[PDB]
C-alpha cells in the first residue's frame, strides 16, 4: 500500500561560529606533521568560538535558517540535545523558544546523553507528530567540543549546531520504524560536574564506538534482513572522520570490492563539511546527513539512507530514512558554503587565546559581537542575547 502518512525531516541546516584555525597551522605549532591531522585524523579546519557565543547562539542561528511563519505557528515542542549546557536546571530550549518567536503553547526541554541527545529528540518528535500530524517539532543539536590545548583530542574539536524541523509529509527524509537501540554502561567518555573538559579513554571509546555499530547493525540485519546492498548511503556519528571510516570498514569487510567502493564513496561525501568544521558532538551525525545530501550528485528520490547514532556512556541507535522526491530543492548548500567561506582564519596565538578565555557568570559584564543571538551582557548570572 501507499498513501500512508510519512513523518521525518522536513528541513535541516547547520551553523558554526565565524572563526576557524587551519590544521596545518595547528600541526606546526604542535611540532607535528600536518598530514597527521589532515589525513591521519582527517580534519582540515577547526571551528572555534569566543565566550560571547554559546549553544543558544548556535541553536538560534541554525533554527532561524529554516523556520518560517507557518512553522512557528505549528510547532508545539522544542527540543535541544546537548552535552554543553549552561544551566543545571533551565533548559536551553526555553530561550530558543523565545528567540525563534514560536507560538507560546508548546513544551520545551533539553535532552542529555553525550552525542546521542539530538537523536533521542528526533525519534520522540517523530512519535509526537504521528499522534498529532498537524503539529511540528523543532529539534536542535548544539554543542562545543573542546578537549584542551595540546590534548590528543584537540584536532577533532569543533562547535556549532544542527537544526531539524520534524513534520508529517516531510520534504527531505521520511523516517522508518526499523529502529534498533542499545545501552551499555561504559566509561569511555564522560564529564563529571565541575569539569570544564571531558574525561576520556580514547582506546576504550574507539573500541566501544566501533563495536556498538557492529552490534546494532547485526541486530538490525537480523530483524529486517536488509544488508549494505540495500542501502544507498550511510550517515555516521563520528568522533573524527578517520575513526568513522574505520568503524564502517570493519563491518563491510565481507562485501564485494564494488560495494565497498560505492559505500566508502558515500562516506567521503558525508564528511565534506565535517572536515571543515570538526566534531559537533550531538550534531555530528546530522551534519553528516546534510553533507551527504548537499555533496552527493547521484542520490535520488526513493534511496534508502542508514543512520548510525552514538553517545558515549554509552548509547547507540541505527535507523533508516528514505529520500523524498523534490528534496534537492529544499537544501541550503549555497548558504552553508557561504557560511564556511566567510570565516576568519585565526593565528595560533589568536586561537589559543579565544580557546582559553572563560566566561565568569558571577561578574556582571557586557560582551560585544556582531553575530545575531550572541551574548550581549551578563546580569546576576543571567545571559542576555541579541534578537
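Residue numbers count along the first chain shown, from 1.
Once the C-alpha B-factors are averaged per stretch, 338-346 and 52-60 rank with 338-346 first. On average the C-alpha atoms of 251-259 have higher B-factors than those of the other stretch, with 191-199 and 251-259 being the two compared. Per the deposited record, the Cα B-factor of residue 355 falls in the highest third when ranked against the other modelled residues of its chain. Among all modelled residues in this chain, the alpha-carbon of residue 224 has a temperature factor (C-alpha) in the highest third. For residue 83, the recorded CA B-factor ranks within the lowest third of the chain. Only modelled residues enter the ranking. Annotation for residue 327: CA B-factor lies in the middle third of the chain's modelled residues. The PDB entry assigns residue 244 a C-alpha temperature factor belonging to the highest third of its chain's modelled residues.
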